[PDB]
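Below is one structure, written out as structure tokens; the observations come after it.
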Amino acid sequence: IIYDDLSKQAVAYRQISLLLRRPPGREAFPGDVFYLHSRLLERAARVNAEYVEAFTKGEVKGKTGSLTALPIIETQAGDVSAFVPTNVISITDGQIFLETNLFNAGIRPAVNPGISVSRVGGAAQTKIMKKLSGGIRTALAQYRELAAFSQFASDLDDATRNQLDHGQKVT
Amino acid sequence: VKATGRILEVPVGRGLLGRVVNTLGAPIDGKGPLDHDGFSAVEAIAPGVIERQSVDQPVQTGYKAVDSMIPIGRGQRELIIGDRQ
Amino acid sequence: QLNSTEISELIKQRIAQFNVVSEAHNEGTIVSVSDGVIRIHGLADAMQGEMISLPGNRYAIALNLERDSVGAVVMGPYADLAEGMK
Amino acid sequence: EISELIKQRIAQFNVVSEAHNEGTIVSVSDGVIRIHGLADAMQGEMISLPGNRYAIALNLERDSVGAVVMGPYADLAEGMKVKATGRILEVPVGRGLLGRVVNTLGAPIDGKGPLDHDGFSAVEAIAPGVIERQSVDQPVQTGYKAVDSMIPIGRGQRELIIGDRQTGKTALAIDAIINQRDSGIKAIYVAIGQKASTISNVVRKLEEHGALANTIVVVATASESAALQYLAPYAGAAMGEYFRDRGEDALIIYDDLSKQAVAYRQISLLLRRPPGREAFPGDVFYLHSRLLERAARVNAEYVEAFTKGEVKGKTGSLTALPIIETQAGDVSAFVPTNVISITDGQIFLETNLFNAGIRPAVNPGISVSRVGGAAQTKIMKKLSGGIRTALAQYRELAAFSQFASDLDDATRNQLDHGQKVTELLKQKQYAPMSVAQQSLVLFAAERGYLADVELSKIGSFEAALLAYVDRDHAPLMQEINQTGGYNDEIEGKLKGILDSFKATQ
Amino acid sequence: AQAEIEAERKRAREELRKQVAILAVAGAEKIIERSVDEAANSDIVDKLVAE
Amino acid sequence: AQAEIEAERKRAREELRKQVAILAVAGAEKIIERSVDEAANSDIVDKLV
Amino acid sequence: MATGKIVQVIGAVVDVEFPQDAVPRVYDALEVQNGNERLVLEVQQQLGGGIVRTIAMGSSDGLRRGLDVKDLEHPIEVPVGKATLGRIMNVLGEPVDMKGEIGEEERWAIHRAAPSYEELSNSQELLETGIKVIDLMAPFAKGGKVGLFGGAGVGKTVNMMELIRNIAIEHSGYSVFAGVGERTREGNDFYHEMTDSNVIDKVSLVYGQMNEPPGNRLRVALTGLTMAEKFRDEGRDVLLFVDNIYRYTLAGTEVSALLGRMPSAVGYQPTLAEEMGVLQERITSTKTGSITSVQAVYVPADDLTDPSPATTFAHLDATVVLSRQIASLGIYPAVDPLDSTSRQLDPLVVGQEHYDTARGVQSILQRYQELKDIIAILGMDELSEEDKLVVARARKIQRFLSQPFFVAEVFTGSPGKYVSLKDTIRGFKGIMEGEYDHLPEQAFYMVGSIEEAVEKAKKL
Amino acid sequence: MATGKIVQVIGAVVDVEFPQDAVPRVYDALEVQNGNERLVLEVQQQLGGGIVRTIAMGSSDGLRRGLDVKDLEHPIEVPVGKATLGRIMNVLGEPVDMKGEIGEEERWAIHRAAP
Amino acid sequence: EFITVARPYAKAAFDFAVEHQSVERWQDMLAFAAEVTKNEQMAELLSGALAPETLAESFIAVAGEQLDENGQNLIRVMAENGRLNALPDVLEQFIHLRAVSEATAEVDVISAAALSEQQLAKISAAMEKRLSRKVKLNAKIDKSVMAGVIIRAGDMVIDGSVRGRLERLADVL
Ligand SMILES: Nc1ncnc2c1ncn2[C@@H]1O[C@H](COP(=O)(O)OP(=O)(O)OP(=O)(O)O)[C@@H](O)[C@H]1O
Ligand SMILES: Nc1ncnc2c1ncn2[C@@H]1O[C@H](COP(=O)(O)OP(=O)(O)O)[C@@H](O)[C@H]1O
Ligand SMILES: [Mg+2]
Ligand SMILES: [Mg+2]
């Protein structure tokens, strides 16, 4: 399931709350915005076969139901400190950050490693993909550190040269 | 104003696959009425801790960066966040 | 609940005369004075944008026509004004 | 044993009735109770609740009184009866509570018996007038080399220890208290919002490393009502003001004045009073201002008239050392800027110096003392003038030091001497230093006896110098500690001591 | 150590004193119930209503 | 020493239970200013020990 | 019999009117039939004539004005004792594991006062853990509070799982886990992990999750404290793990305005400090027994300036500050060695050697941070050779702080390492003294003791 | 003769009630006998019904809700002229020095229009 | 609760009753209006969104036994601002105002046994001398007192019950 814009849902709820003369909170959003997004997102889950068998009154046996959710949030000029993005970031099992700088630079999709993580991690991959992705994750994150640290050194140690060129290749 | 003592329910079933529907269950694609397997309540509570199961199966985005560095599993909740456009 | 510009002697005049039109619509009384903004009671012949003539040679500009009161701003030194001035 | 005591206490009883005003609780919420009645109530009065708890009448509205509970409020109920006493808030005072730990109301939490106070004093009192106040020209030795040399404190002054979390504010305060073991200066420690176990640790340290007999400890932990925390520093101020107007000197520390401001914020907001810049009420400045302007030095005529002629010529004082916690070092916040305007001189404790191991982490240039050198004793004044200059030159020249060589030797020596004088001004936590010891160490720095020893040994060198001086040149130590004086003979004797020490380890 | 023991002695003596005080005053209450009457009530009133 | 004074407390409990009778009657007579009737004392034992 | 009627249902807040005699008092419990569902209300304010304003311990949906309310004359009371071990419970002490009745012997009220000042007990009994940086920069004693500060996704949960594994298994006493505002999946995963490891028989679990109405998220922490304090009063040494203090404060914030309160500085309730204090002063080691507690602290926007982390800093013995910067750079755990400290790090409390080692590490890393921008703009070779030596040692030291965990094995594909404190001190002393100047930076990265460092250096 | 009553005290803000004929002008000064001292109030706002809201020119502690308030017709008036030289005074024109009474010939109000 | 709302209308009513020498009538008319306020179906009408004038006429219609000056005008003025629920409060306010002007205090006493007339007369005179008013004692025989008496004069109270002395000695102990 895709929620194309959670922020617009939050804005609609804010309008409803203020028209109802409920007390306003931070950025005029009512306090139960977190309750809204939390009770929505926690409905996405994977349930054990006992639950499925009990719900279907015995018709379905040996199967686990599952629903995967991908909420989407718009940041204004990258201000992560805002109320609604803070709440939603706190809820989900991971983040995928899309950045204007990367998009303009030509890196599309504009994914930023090191600010994006998946808490399920290696468990959510085929064994081949698990094995191969393990190295990529660290490689890119430390590549960016080296790239910042060595802008002006004309000559360099070839261990760091190897990591720099390899990070360029992977990027 | 009369008070019908029932909470908001929505059509649900397999016949909704391929249909464009509004919030109340009314089709807007113009391809005829729905074929729903009964109704269900909009506002419900989530399964409890004892009713869950862990996530160990992948779902492929089809992209390379996502499926490699930030994998998604069946039952996971992923936040796609960024600026406009 | 709040005391919405209702006070004892105005109420007692309404008690003696339930219909208020016994007094001319051209006049009213100052009911509150607060940091320049003034609140008149009466003036059933008032429109927004008028030049309400205060005692002395001072003017106040009608800004808000409420259910039961007129809100104006004093043009000049406002500190000389009190309740009940016609 | 228990009879006779109970007998006499039975005899101390009255059978006839007494007249008083009775109010009724209308509402209870979050430590604030709304009381109907008490037409004879007055601003700041004590209202007696059932269970021997007291409430303070803050709001007097036309049809109700809003009072704040000084104690547990969870069991008070609508329809309960409360009695009005006619008293503005009083607390016990005297020498009997010197050396004990109490709460805001003055009741002992010590667990070691009741008080033998000599009387009571009002928590709220007006400060001494303009003509009744005397200039501050007596020293308050804190025992730290850096503070006592660069940022002197005087008997009657109000210094501000401002800094970030975990930088040594509590340590500096309690070490000042410990250094007042043998002065005539009594000490007071006010723990506002401090967690209970930390207070226990500090108390055990105070008795362990010295005398808790000289200090009154006022405690208001995070679990007690906002009114109690709010009024804890004022009660401590009353206790200090007793000594102030008795012709004796005293030193009081207000730990985390910011948390007192927080308590006042909560109280004001629950009473529906209009909010201000950071939601604080409009009169928060009038909170800390009237709290701190009670700390002063007092002339002989005031104290003699006050003491009714018990003493004739002395001059009492109450020195204050409030503590403020900035957040990420923001000095422009509402509460810090109010306190900085109210006080005269601040001890600024920077965090990256503390993390660097330079403890105590005082920062010259930003930390000043508005009372000047009139608060220093003469020998400390003579031997500390050049430390300021050496450090000031070091600050700018050390930035150049990190990437420079082949420099002018004058600049080289200026830089290196600055680096070692920076090394010198640091010491262990619970080791306070007498005026003679500080004096001779500063003399060694200033006269150049460290110039050839500008290496890592300086701490061991100082320890060895102190041990040697204790071993054979004690008479000068006694004379300096007694007088604080300085002259040519003292100068030469110090030279002789240092010359002799350079021969030893 | 001796200071701590003395403080403990003082504390415990006060604790037991308060327990027995509770007992004594409760007994006094029951005695009042077993002894008060209208004549005593009027005597008390006449001592009170003077003021 | 703490065990020693615990035993001291036992002794004191027994000794002051004798005193509570005196104190009870003293308080009762004090608060009504009258010679308390020495009758119906059946309940004094539960108040005593 | 029923004695009150509902007069307002605004969001999650319910007002009930009673006769002006026998009005319920604050923090009492009330009961009402929300259809077939038994719903509990908790009294929060006595306001007006005969009216009390309450918070629902359940969904407020389905409530009508005029429903009868029955006033229980006690606070919310929960089972306490051995019967709570191995069972999952909600805020009201009702089983949610479908194993049947709790079977308790005694029930305790969740609202109770903190220990008196003279009940407090002093302790310096240092605990040893396998994590290098925590034992080096912030060692902590039995009976004290620990807080893991961090922003979103910086490693709070992984560190707490590692600490549970390391501390609780050697601990022979009972333990309590309070899942305040936890994700449902991670609670289920924790339950199954403990069930597999056969340590579930000595842990009591109280879960109030993200989906539940604000009252449950508000009072679940008090339920956990009540169970822990029962164990403490029995005289045992208890381990208390709290998943997020932040969402206790946040559950307060959501309902504060609906209770009629005026908002505070950053939109918080006016009672933030007192609400924190009343809860956190109960978590103490008294003379009868000791509670040792580990708490995870969320840092909004990764900014330690916010009032919630700021106030909770002042309540803890040892504070391990995780940073998103170090996590983004890939160093795990993401502990900031300059910010993390402990009040047990005294040359008297710890070995004098230990104190000097910690001070030296902090000094070196502080000196590196100032040079970061210098080198970034002006270039590496502008440095003096002594500065370049310092830079080398700084990078090696900052690598040696990293460590693989047994519970962080699924994410990375490597075994877990446990380092004794003596070995940690020895390794950092050797690095600072230059005994390993000649090894490369990765020879210290993601290894255990310094002997393992030289073994990996040989492999390199 | 004092013609007013206190109706509220909230912090440093005091509200007092007068008859509808005697309502003070905006910056008039009022005096109350608080304890044994005299307390000066400066009016700030004329609310409706004869109530005026004032700021206490001094300590507000000890004020009851039924005290009589005297209505002075002038604003705060202070001594002016050569007699004030060498003297220290408070806001109300009274000596915070101890030298004695200021022997002024004239007292002026502190509120007036600009030239 | 709207005491402060009742004070203006109550002051108007009382100030008018002494201008027309009918305080005794005005008090019972206010009681009449309060009884109208208490009715269930009238309360529902008051909860409705009727316009103030038609609502006031619907209220006047059930209270025809009122004077032109008193009922028809005060009811309508209160209806213009919707303060009709303040009528119950206005009644009590009106009584207290009257007791102030007439120099009277409704002093209340409680006793463990019934007082003789001489005792009650002495208490009446003694409180007339303690106060400066004609007191009007009313007694209630409650066993909770155990003995002695309670004397309440509004906010002020004097407690002579032996239970109070008993627990006072318990708090001295
Ligand atoms: N000179 C010193 N040498 C060594 N350690 C010191 C020194 N001064 C202070 N410390 C240490 O600094 C730490 C914090 O001390 P302190 O509590 O006084 O700081 P603070 O800034 O007042 O903190 P907070 O606001 O958290 O209470 C303690 O662990 C203490 O041992
Ligand atoms: N020590 C570690 N080793 C490997 N990965 C880690 C480690 N610590 C954190 N992570 C990664 O960061 C994620 C976020 O941290 P986690 O503890 O799960 O949530 P939070 O930090 O918000 O409590 C982890 O799920 C994992 O993907
Ligand atoms: Mg401190
Ligand atoms: Mg987490």
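Protein chains in written order, with the working numbering: chain A, 13 to 183; chain B, 5 to 89; chain C, 3 to 88; chain D, 143 to 647; chain E, 63 to 113; chain F, 9 to 57; chain G, 18 to 477; chain H, 363 to 477; chain I, 412 to 584.
Ideal Cβ positions, reconstructed from N, Cα and C, are used throughout, including at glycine.
query                                                                                                                               : result
Proximity test, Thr174 (chain G) beta-carbon vs ligand 4 heavy atom, cut-off 7 Å                                                    : yes
Endpoints, alpha helix (DSSP H) assigned at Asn28 (chain C)                                                                         : From DSSP, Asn28 (chain C) is part of no alpha helix (DSSP H); its letter is neither H nor E.
Buried versus exposed, by CB contacts within 10 Å (16 or more), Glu187 (chain G)                                                    : exposed
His430 (chain D) - containing alpha helix (DSSP H), residue span                                                                    : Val426 to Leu434
Integer-rounded CB distance, given that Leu441 (chain I) should sit under 8 Å from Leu495 (chain I)                                 : About 12 Å separates the two Cβ atoms, so there is no contact after all.
Interface residues of chain D facing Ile417 (chain H) [CB-CB closer than 9 Å]                                                       : Under the 9 Å cutoff, chain D gives no residues; its nearest Cβ is about 11 Å from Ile417 (chain H).
Chain G within 8 Å of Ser58 (chain B), Cβ atoms only                                                                                : yes
Nearest-angstrom Cα separation, counted from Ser44 (chain B) out to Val16 (chain B)                                                 : 7 Å
Inter-stretch contact (C-beta, 8 Å, three-pair minimum) for the segment 259 to 274 of chain G and the segment 374 to 389 of chain D : no
Neighbour list for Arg71 (chain E) in chain D, Cβ cutoff strictly below 9 Å                                                         : In chain order: nothing, as chain D lies at least about 11 Å away.
heavy atom of ligand 5 below 7 Å from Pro156 (chain G) C-beta                                                                       : For ligand 5, the structure offers nothing, since it holds only ligand 1, ligand 2, ligand 3 and ligand 4.
Chain-ordered chain D contacts of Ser401 (chain G) [CB-CB under 8 Å]                                                                : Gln544, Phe545 and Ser547
Closest by C-alpha distance to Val316 (chain G), when choosing among A:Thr98, A:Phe164, A:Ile13 and A:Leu18                         : A:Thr98
Buried versus exposed, by CB contacts within 10 Å (16 or more), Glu404 (chain H)                                                    : buried
Secondary structure, alpha helix (DSSP H): runs of 4+ residues fully inside the segment 97 to 158 of chain G                        : 149 to 154
Members of the segment 50 to 82 of chain C that neighbour chain H once the beta carbon cut-off is set at 9 Å                        : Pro79, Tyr80, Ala81 and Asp82
Any non-hydrogen atom of ligand 1 within 7 Å of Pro502 (chain D) CB                                                                 : yes
Euclidean distance between Cα positions of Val87 (chain E) and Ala558 (chain I)                                                     : 17 Å
Same chain only: Cβ atoms within 6 Å of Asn245 (chain D), ignoring 5 sequence neighbours per side                                   : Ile251
Proximity below 8 Å, CB of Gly378 (chain D) to CB of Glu266 (chain D)                                                               : no
CB-CB length for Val30 (chain G) against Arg70 (chain G), believed under 8 Å                                                        : 6 Å
Closer than 7 Å: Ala351 (chain G) CB and nearest ligand 4 heavy atom                                                                : no
Proximity test, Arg360 (chain G) beta-carbon vs ligand 1 heavy atom, cut-off 7 Å                                                    : yes
Every unbroken beta strand (DSSP E) inside the segment 67 to 101 of chain A [3 residues or more]                                    : 82 to 86
Chain D contact for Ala34 (chain F) (CB, 8 Å cutoff)                                                                                : yes
Proximal residues of chain F, C-beta to C-beta of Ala65 (chain E) below 7 Å                                                         : Here the premise fails: no neighbours, minimum Cβ distance about 12 Å.
Minimum Cβ-Cβ distance from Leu247 (chain D) to chain I less than 8 Å                                                               : no
Assigned secondary structure, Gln518 (chain D) (DSSP; H/G/I helix, E/B strand, else coil)                                           : coil
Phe41 (chain A) - DSSP class collapsed to helix/strand/coil                                                                         : coil
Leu454 (chain H) vs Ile438 (chain H) beta-carbon contact at 8 Å                                                                     : yes
Selection from D:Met292, D:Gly298 and D:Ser474 that minimises the alpha carbon distance to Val278 (chain D)                         : D:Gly298
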